[PDB]
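Below is input.pdb, holding PDB, C-alpha atoms (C1' of nucleotides).
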```pdb
ATOM      1  CA  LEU C  27       0.000   0.000   0.000
ATOM      2  CA  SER C  28       2.955   2.281  -0.739
ATOM      3  CA  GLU C  29       6.340   2.475  -2.476
ATOM      4  CA  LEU C  30       8.856   1.180   0.080
ATOM      5  CA  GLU C  31       6.843  -2.049   0.233
ATOM      6  CA  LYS C  32       7.692  -3.028  -3.346
ATOM      7  CA  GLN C  33      11.387  -2.329  -2.764
ATOM      8  CA  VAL C  34      11.495  -4.412   0.419
ATOM      9  CA  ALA C  35       9.593  -7.218  -1.316
ATOM     10  CA  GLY C  36      12.129  -7.179  -4.136
ATOM     11  CA  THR C  37      14.977  -7.375  -1.650
ATOM     12  CA  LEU C  38      13.290 -10.260   0.181
ATOM     13  CA  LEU C  39      12.956 -12.108  -3.126
ATOM     14  CA  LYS C  40      16.672 -11.581  -3.804
ATOM     15  CA  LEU C  41      17.940 -12.569  -0.354
ATOM     16  CA  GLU C  42      17.163 -16.299  -0.333
ATOM     17  CA  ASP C  43      19.317 -17.109  -3.370
ATOM     18  CA  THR C  54       7.928 -18.604   3.011
ATOM     19  CA  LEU C  55       7.625 -15.538   5.256
ATOM     20  CA  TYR C  56       5.382 -12.473   5.175
ATOM     21  CA  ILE C  57       5.470  -9.033   6.805
ATOM     22  CA  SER C  58       2.441  -7.133   8.063
ATOM     23  CA  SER C  59       3.356  -3.517   7.274
ATOM     24  CA  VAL C  60       6.092  -0.865   7.382
ATOM     25  CA  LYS C  61       6.525   2.282   9.469
ATOM     26  CA  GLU C  62       8.954   5.149   8.861
ATOM     27  CA  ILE C  63      10.099   7.452  11.672
ATOM     28  CA  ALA C  64      11.919  10.750  11.218
ATOM     29  CA  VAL C  65      15.149  11.578  13.051
ATOM     30  CA  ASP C  66      16.840  14.876  13.861
ATOM     31  CA  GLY C  67      19.348  14.373  11.060
ATOM     32  CA  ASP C  68      18.439  13.880   7.424
ATOM     33  CA  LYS C  69      18.666  10.132   8.043
ATOM     34  CA  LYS C  70      15.379   8.416   8.882
ATOM     35  CA  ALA C  71      14.357   5.078  10.385
ATOM     36  CA  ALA C  72      12.071   2.339   9.075
ATOM     37  CA  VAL C  73      10.269  -0.255  11.198
ATOM     38  CA  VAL C  74       9.167  -3.555   9.657
ATOM     39  CA  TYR C  75       6.187  -5.112  11.442
ATOM     40  CA  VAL C  76       6.615  -8.883  11.748
ATOM     41  CA  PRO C  77       3.495 -10.679  13.047
ATOM     42  CA  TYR C  78       4.106 -12.164  16.476
ATOM     43  CA  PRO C  79       4.311 -15.912  15.646
ATOM     44  CA  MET C  80       6.957 -15.310  12.951
ATOM     45  CA  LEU C  81       9.131 -12.986  15.046
ATOM     46  CA  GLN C  82      11.369 -15.828  16.213
ATOM     47  CA  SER C  83      11.529 -17.018  12.599
ATOM     48  CA  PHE C  84      12.819 -13.610  11.502
ATOM     49  CA  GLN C  85      15.197 -13.237  14.461
ATOM     50  CA  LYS C  86      17.510 -16.130  13.526
ATOM     51  CA  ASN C  87      19.355 -13.970  10.960
ATOM     52  CA  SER C  88      18.161 -10.497  11.911
ATOM     53  CA  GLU C  89      21.557  -8.802  11.602
ATOM     54  CA  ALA C  90      22.230 -10.195   8.127
ATOM     55  CA  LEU C  91      18.761  -9.250   6.904
ATOM     56  CA  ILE C  92      19.140  -5.723   8.272
ATOM     57  CA  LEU C  93      22.573  -5.176   6.736
ATOM     58  CA  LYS C  94      21.517  -6.534   3.339
ATOM     59  CA  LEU C  95      18.387  -4.361   3.368
ATOM     60  CA  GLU C  96      20.413  -1.287   4.330
ATOM     61  CA  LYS C  97      23.020  -1.897   1.635
ATOM     62  CA  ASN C  98      20.532  -2.682  -1.146
ATOM     63  CA  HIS C  99      18.538   0.482  -0.392
ATOM     64  CA  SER C 100      19.937   3.415   1.578
ATOM     65  CA  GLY C 101      18.351   6.599   2.929
ATOM     66  CA  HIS C 102      17.206   5.230   6.288
ATOM     67  CA  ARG C 103      17.934   2.418   8.718
ATOM     68  CA  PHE C 104      15.780  -0.693   9.100
ATOM     69  CA  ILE C 105      14.423  -2.199  12.320
ATOM     70  CA  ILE C 106      12.263  -5.263  12.977
ATOM     71  CA  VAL C 107       9.622  -5.266  15.721
ATOM     72  CA  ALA C 108       6.616  -7.481  16.348
ATOM     73  CA  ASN C 109       3.048  -6.183  16.410
ATOM     74  CA  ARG C 110       1.301  -6.763  19.746
ATOM     75  CA  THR C 111      -2.154  -5.624  20.820
ATOM     76  CA  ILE C 112      -3.007  -3.846  24.068
ATOM     77  CA  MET C 113      -6.217  -4.215  26.071
ATOM     78  CA  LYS C 114      -7.411  -1.707  28.645
ATOM     79  CA  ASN C 115      -9.353  -3.561  31.344
ATOM     80  CA  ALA C 116      -8.061  -6.038  33.915
ATOM     81  CA  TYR C 117     -11.525  -7.604  34.076
ATOM     82  CA  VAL C 118     -14.364  -7.240  31.578
ATOM     83  CA  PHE C 119     -17.883  -7.490  33.011
ATOM     84  CA  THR C 120     -20.141  -9.178  30.461
ATOM     85  CA  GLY C 121     -23.059  -8.944  32.903
ATOM     86  CA  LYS C 122     -22.959 -12.637  33.867
ATOM     87  CA  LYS C 123     -19.518 -14.245  34.048
ATOM     88  CA  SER C 124     -16.090 -12.591  34.337
ATOM     89  CA  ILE C 125     -13.445 -12.073  31.647
ATOM     90  CA  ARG C 126      -9.821 -11.513  32.670
ATOM     91  CA  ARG C 127      -7.152  -9.750  30.632
ATOM     92  CA  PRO C 128      -3.949 -11.802  30.246
ATOM     93  CA  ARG C 129      -0.887 -10.020  31.578
ATOM     94  CA  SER C 130       0.928 -10.230  28.235
ATOM     95  CA  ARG C 131      -1.559  -7.677  26.863
ATOM     96  CA  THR C 132      -0.637  -5.112  29.521
ATOM     97  CA  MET C 133       0.975  -1.832  28.532
ATOM     98  CA  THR C 134       4.045  -2.188  30.758
ATOM     99  CA  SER C 135       4.974  -5.619  29.393
ATOM    100  CA  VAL C 136       4.493  -4.523  25.781
ATOM    101  CA  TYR C 137       6.809  -1.524  26.135
ATOM    102  CA  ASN C 138       9.539  -3.670  27.697
ATOM    103  CA  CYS C 139       9.175  -6.239  24.916
ATOM    104  CA  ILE C 140       9.432  -3.453  22.332
ATOM    105  CA  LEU C 141      12.582  -2.123  23.979
ATOM    106  CA  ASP C 142      14.087  -5.614  23.950
ATOM    107  CA  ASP C 143      13.166  -6.122  20.289
ATOM    108  CA  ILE C 144      14.542  -2.778  19.081
ATOM    109  CA  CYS C 145      18.086  -3.910  19.952
ATOM    110  CA  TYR C 146      17.532  -7.664  19.827
ATOM    111  CA  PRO C 147      21.156  -8.805  19.281
ATOM    112  CA  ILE C 148      22.332  -6.949  22.405
ATOM    113  CA  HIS C 149      20.637  -7.785  25.707
ATOM    114  CA  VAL C 150      19.846  -4.967  28.122
ATOM    115  CA  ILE C 151      21.979  -5.154  31.263
ATOM    116  CA  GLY C 152      19.986  -2.624  33.289
ATOM    117  CA  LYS C 153      17.418   0.137  33.380
ATOM    118  CA  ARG C 154      17.143   3.349  35.368
ATOM    119  CA  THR C 155      14.608   6.178  35.282
ATOM    120  CA  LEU C 156      15.711   9.568  36.567
ATOM    121  CA  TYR C 157      13.409  12.144  38.168
ATOM    122  CA  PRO C 158      15.184  15.504  37.818
ATOM    123  CA  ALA C 159      14.125  18.474  39.904
ATOM    124  CA  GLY C 160      12.263  20.161  37.048
ATOM    125  CA  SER C 161      12.851  18.218  33.848
ATOM    126  CA  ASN C 162      10.552  15.471  32.624
ATOM    127  CA  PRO C 163      11.605  12.036  33.935
ATOM    128  CA  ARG C 164      13.574  10.025  31.391
ATOM    129  CA  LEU C 165      14.665   6.393  31.242
ATOM    130  CA  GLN C 166      18.287   5.440  30.602
ATOM    131  CA  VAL C 167      19.320   1.895  29.759
ATOM    132  CA  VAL C 168      22.688   0.183  30.243
ATOM    133  CA  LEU C 169      24.456  -1.742  27.493
ATOM    134  CA  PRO C 170      27.499  -4.052  27.569
ATOM    135  CA  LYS C 171      30.895  -2.398  27.251
ATOM    136  CA  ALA C 172      31.951  -4.790  24.479
ATOM    137  CA  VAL C 173      29.523  -3.617  21.791
ATOM    138  CA  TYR C 174      30.206   0.104  22.382
ATOM    139  CA  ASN C 175      31.049   1.591  18.973
ATOM    140  CA  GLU C 176      29.493  -1.398  17.195
ATOM    141  CA  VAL C 177      26.142   0.298  17.923
ATOM    142  CA  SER C 178      27.152   3.856  18.869
ATOM    143  CA  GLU C 179      25.932   5.150  15.482
ATOM    144  CA  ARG C 180      22.306   4.079  16.105
ATOM    145  CA  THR C 181      21.601   5.556  19.547
ATOM    146  CA  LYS C 182      19.828   8.672  18.258
ATOM    147  CA  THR C 183      17.584   6.666  15.934
ATOM    148  CA  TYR C 184      16.873   4.150  18.701
ATOM    149  CA  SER C 185      15.806   6.950  21.037
ATOM    150  CA  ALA C 186      13.677   8.526  18.304
ATOM    151  CA  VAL C 187      11.857   5.287  17.494
ATOM    152  CA  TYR C 188      11.309   4.393  21.149
ATOM    153  CA  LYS C 189       9.839   7.865  21.666
ATOM    154  CA  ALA C 190       7.651   7.400  18.584
ATOM    155  CA  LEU C 191       6.191   3.976  19.391
ATOM    156  CA  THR C 192       5.944   4.857  23.098
ATOM    157  CA  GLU C 193       5.804   8.409  24.410
ATOM    158  CA  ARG C 194       8.385   7.577  27.097
ATOM    159  CA  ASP C 195      11.563   9.458  26.226
ATOM    160  CA  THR C 196      14.862   7.694  26.805
ATOM    161  CA  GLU C 197      18.640   7.817  26.393
ATOM    162  CA  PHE C 198      21.568   5.408  26.256
ATOM    163  CA  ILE C 199      24.817   4.733  28.104
ATOM    164  CA  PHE C 200      27.365   1.923  28.321
ATOM    165  CA  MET C 201      28.310   0.010  31.464
TER     166      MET C 201
ATOM    167  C1'   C K   1     -27.515  26.299  59.863
ATOM    168  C1'   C K   2     -27.830  22.286  63.569
ATOM    169  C1'   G K   3     -31.029  15.451  66.405
ATOM    170  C1'   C K   4     -29.072  10.505  60.046
ATOM    171  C1'   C K   5     -24.403   4.009  60.577
ATOM    172  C1'   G K   6     -30.542   4.446  55.802
ATOM    173  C1'   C K   7     -31.775   7.052  49.925
ATOM    174  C1'   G K   8     -29.662   9.315  44.864
ATOM    175  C1'   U K   9     -25.571  11.609  41.710
ATOM    176  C1'   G K  10     -20.182  12.088  40.876
ATOM    177  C1'   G K  11     -14.832  10.899  41.835
ATOM    178  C1'   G K  12     -12.569   6.375  42.369
ATOM    179  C1'   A K  13      -6.220   7.727  44.358
ATOM    180  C1'   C K  14      -6.069   4.331  49.111
ATOM    181  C1'   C K  15      -8.785   0.051  50.621
ATOM    182  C1'   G K  16      -9.958  -5.440  49.817
ATOM    183  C1'   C K  17     -12.608  -9.323  46.484
ATOM    184  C1'   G K  18     -13.762 -11.228  40.919
ATOM    185  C1'   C K  19     -12.990 -19.918  39.651
ATOM    186  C1'   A K  20     -16.377 -20.841  34.953
ATOM    187  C1'   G K  21     -12.574 -18.212  26.430
ATOM    188  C1'   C K  22     -13.828 -14.307  22.838
ATOM    189  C1'   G K  23     -16.101 -12.853  18.080
ATOM    190  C1'   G K  24     -19.605 -13.988  14.066
ATOM    191  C1'   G K  25     -23.904 -17.128  11.051
ATOM    192  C1'   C K  26     -28.417 -20.059  12.140
ATOM    193  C1'   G K  27     -32.108 -16.686  15.004
ATOM    194  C1'   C K  28     -37.266 -13.527  15.478
ATOM    195  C1'   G K  29     -37.056  -6.568  18.215
ATOM    196  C1'   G K  30     -33.559  -7.973  22.590
ATOM    197  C1'   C K  31     -31.768 -11.764  26.109
ATOM    198  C1'   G K  32     -31.572 -17.020  26.722
ATOM    199  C1'   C K  33     -31.098 -22.166  25.063
ATOM    200  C1'   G K  34     -28.801 -24.906  21.749
ATOM    201  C1'   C K  35     -26.643 -25.861  16.411
ATOM    202  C1'   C K  36     -22.535 -24.344  13.103
ATOM    203  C1'   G K  37     -15.894 -21.875  10.715
ATOM    204  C1'   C K  38     -11.647 -21.530  12.995
ATOM    205  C1'   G K  39     -12.465 -18.912   8.224
ATOM    206  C1'   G K  40     -11.698 -13.520  12.335
ATOM    207  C1'   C K  41      -8.064 -13.200  18.063
ATOM    208  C1'   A K  42      -0.785 -12.483  19.240
ATOM    209  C1'   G K  43      -6.614 -16.958  22.142
ATOM    210  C1'   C K  44      -5.847 -18.447  27.376
ATOM    211  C1'   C K  45       1.104 -18.198  33.058
ATOM    212  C1'   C K  46       3.840 -10.499  35.664
ATOM    213  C1'   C K  47       7.856 -11.682  38.595
ATOM    214  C1'   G K  48      10.544 -14.885  41.326
ATOM    215  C1'   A K  49      10.750 -10.508  47.908
ATOM    216  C1'   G K  50      18.624  -9.483  51.892
ATOM    217  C1'   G K  51       9.351 -13.413  53.193
ATOM    218  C1'   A K  52       8.544 -18.546  53.877
ATOM    219  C1'   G K  53       8.828 -23.736  52.869
ATOM    220  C1'   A K  54      11.208 -28.229  50.228
ATOM    221  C1'   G K  55      15.952 -30.153  47.961
ATOM    222  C1'   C K  56      21.570 -31.365  46.942
ATOM    223  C1'   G K  57      26.716 -30.832  48.922
ATOM    224  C1'   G K  58      30.063 -29.685  53.019
ATOM    225  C1'   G K  59      31.945 -29.951  57.309
ATOM    226  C1'   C K  60      30.054 -28.464  63.055
ATOM    227  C1'   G K  61      28.788 -29.329  67.981
ATOM    228  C1'   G K  62      29.755 -31.484  76.804
ATOM    229  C1'   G K  63      22.433 -31.606  71.508
ATOM    230  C1'   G K  64      18.906 -36.490  72.539
ATOM    231  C1'   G K  65      17.872 -41.996  73.332
ATOM    232  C1'   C K  66      19.466 -47.419  73.874
ATOM    233  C1'   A K  67      23.001 -51.148  74.888
ATOM    234  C1'   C K  68      28.049 -51.837  76.313
ATOM    235  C1'   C K  69      32.379 -50.548  79.204
ATOM    236  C1'   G K  70      37.381 -48.541  81.992
ATOM    237  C1'   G K  71      39.497 -45.863  86.162
ATOM    238  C1'   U K  72      41.087 -44.601  90.798
ATOM    239  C1'   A K  73      38.839 -43.050  95.384
ATOM    240  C1'   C K  74      35.037 -43.508  99.974
ATOM    241  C1'   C K  75      33.087 -47.817 102.700
ATOM    242  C1'   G K  76      33.099 -53.086 104.514
ATOM    243  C1'   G K  77      35.668 -58.053 104.902
ATOM    244  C1'   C K  78      39.993 -61.066 104.795
ATOM    245  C1'   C K  79      46.069 -63.057 104.624
ATOM    246  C1'   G K  80      50.587 -61.264 106.558
TER     247        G K  80
END
```
Go ahead and render the structure in this file as structure tokens.
Amino acid sequence: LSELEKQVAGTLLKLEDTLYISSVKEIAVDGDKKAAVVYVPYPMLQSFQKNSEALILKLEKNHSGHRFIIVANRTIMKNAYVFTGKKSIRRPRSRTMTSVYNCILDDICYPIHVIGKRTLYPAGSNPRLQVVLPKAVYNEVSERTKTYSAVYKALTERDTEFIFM
RNA sequence: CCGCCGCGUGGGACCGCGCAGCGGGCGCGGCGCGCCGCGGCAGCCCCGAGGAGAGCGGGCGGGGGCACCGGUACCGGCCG
């Protein structure tokens, strides 16, 4: 239902030499560079994550202009219990908002596993969350911190920032 | 304005309880009761308390019970 979709489909047809992707989302960044999010339906996320880094690098090299990220699409419900008038209906915890945001944060940087989280409450400024990444990766991912913050802000209004420890 | 543990509206932070799929067609204005696809759902488990309980390994101890057993010494008897 757009133009980037045909290009990504062409790439996907080149890469092999049985998957399917729900949609595509493009996020702007402060610099001229932009970010693209590919929505993989939940059951196929683990299927896509076997060779995520290779897929991302091939997609970036074949078409430039913005970076590519893969995230699953999860729904959110807004009632712990739903009163049908007779019985009771309970919302599973996986559909909560807090769990979904954490899963998104984990998926954004899937290859690297988060070593910690901290949310600061400055005297006047809006509270912001800072995560902690392994010292080994460092510059291997130092060029994607701004885009990561931008996307995390876009999908979830919680602003963030990154450090290494 | 002032003798209310009752009555209605609103908020719902704190306070404590909610085991028994959903959605659509049959199907009638609506709800039941059943019958039909899974063909529409991401179907259906926070976490694992410097709380507790269970488990494996290691040594630790005048901790408990039963049987068994040595040593002088007090006392009594006897030979010289």
- Item | Nearest to chain C by atom-to-atom distance, counting all atoms listed in the file, from K:30, K:8, K:43, K:14 |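 Closest to chain C of all the choices is K:43.
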Sorted per-residue table, chain C near chain K, closest atoms and distance, 10 Å, all atoms listed in the file, as CSV:
```
residue,atom,partner,partner_atom,distance
C:77,CA,K:42,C1',7.7
C:78,CA,K:42,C1',5.6
C:79,CA,K:42,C1',7.1
C:108,CA,K:42,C1',9.4
C:109,CA,K:42,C1',7.9
C:110,CA,K:42,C1',6.1
C:111,CA,K:42,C1',7.2
C:117,CA,K:18,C1',8.1
C:119,CA,K:18,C1',9.7
C:123,CA,K:20,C1',7.4
C:124,CA,K:18,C1',7.1
C:125,CA,K:21,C1',8.1
C:126,CA,K:18,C1',9.1
C:127,CA,K:44,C1',9.4
C:128,CA,K:44,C1',7.5
C:129,CA,K:46,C1',6.3
C:130,CA,K:46,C1',8.0
C:131,CA,K:42,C1',9.0
C:132,CA,K:46,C1',9.3
C:134,CA,K:46,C1',9.7
C:135,CA,K:46,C1',8.0
```
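As for CA of residue 84 in chain C and CA of residue 34 in chain C, they are spaced 14.5 Å apart.
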- Task: Dump as a PyMOL selection string all residues having an atom at most 12 Å from (26.2, 5.9, 31.5), computed in the file's coordinates with all atoms listed in the file.
- Result: chain C and resi 151-154+165-171+174+197-201
- Query: Of the candidates C:177, C:55, C:140, C:63, which one gets nearest to residue 83 in chain C if we count only C-alpha atoms?
  - Reply: C:55
- By how many Å are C1' of residue 13 in chain K and CA of residue 121 in chain C apart? 26.3 Å
- Rounded to one decimal in Å, what is the spacing between CA of residue 155 in chain C and CA of residue 106 in chain C?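 Interatomic distance, CA of residue 155 in chain C to CA of residue 106 in chain C: 25.2 Å.
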- Message: Translate the PyMOL selection byres ((chain C and resi 194) around 12) into a concrete residue list for this structure, as a PyMOL selection string.
- Response: chain C and resi 134+137-138+141+155+162-166+185-193+195-197
Counting only C-alpha atoms (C1' of nucleotides), which residues have an atom no more than 10 Å from (20.1, -19.0, 4.9) in the file's coordinates? Please list them as a compact mmCIF listing (two decimals) with C-alpha atoms, keeping the file's coordinate frame.
```txt
# COMPACT_ATOMS: atom_id res chain seq x y z
CA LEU C 41 17.94 -12.57 -0.35
CA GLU C 42 17.16 -16.30 -0.33
CA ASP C 43 19.32 -17.11 -3.37
CA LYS C 86 17.51 -16.13 13.53
CA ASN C 87 19.36 -13.97 10.96
CA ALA C 90 22.23 -10.20 8.13
```
- Message: Evaluated on this file, the PyMOL selection byres ((chain K and resi 36) around 8) picks out some residues - which ones are they, written as a ChimeraX atom specification?
- Response: /K:25-26,35,37
- Query: With distances taken over only C-alpha atoms, which of C:149, C:107, C:38, C:157 is nearest to residue 82 in chain C?
  - Reply: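 For residue 82 in chain C, the nearest of the given residues is C:107.
Proximity to residue 39 in chain C was assessed for C:65, C:139, C:91, C:73 counting all atoms listed in the file; the smallest distance is recorded for C:91.
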- Give the answer as one residue: which of K:57, K:3, K:39, K:80 has the shortest atom-to-atom distance to residue 24 in chain K, using all atoms listed in the file?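 That would be K:39, the residue with the smallest distance to residue 24 in chain K.
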Might I get the box with edges along x, y and z of the file that holds all atoms of range 42-65 of chain C listed there, padded by 4 Å on every side, given as centre and edge lengths in Å to one decimal, as JSON?
```
{"center_x": 10.9, "center_y": -3.5, "center_z": 4.8, "size_x": 24.9, "size_y": 38.2, "size_z": 24.4}
```
- Message: Evaluated on this file, the PyMOL selection byres ((chain C and resi 27) around 12) picks out some residues - which ones are they, written as a ChimeraX atom specification?
- Response: /C:28-33,58-61
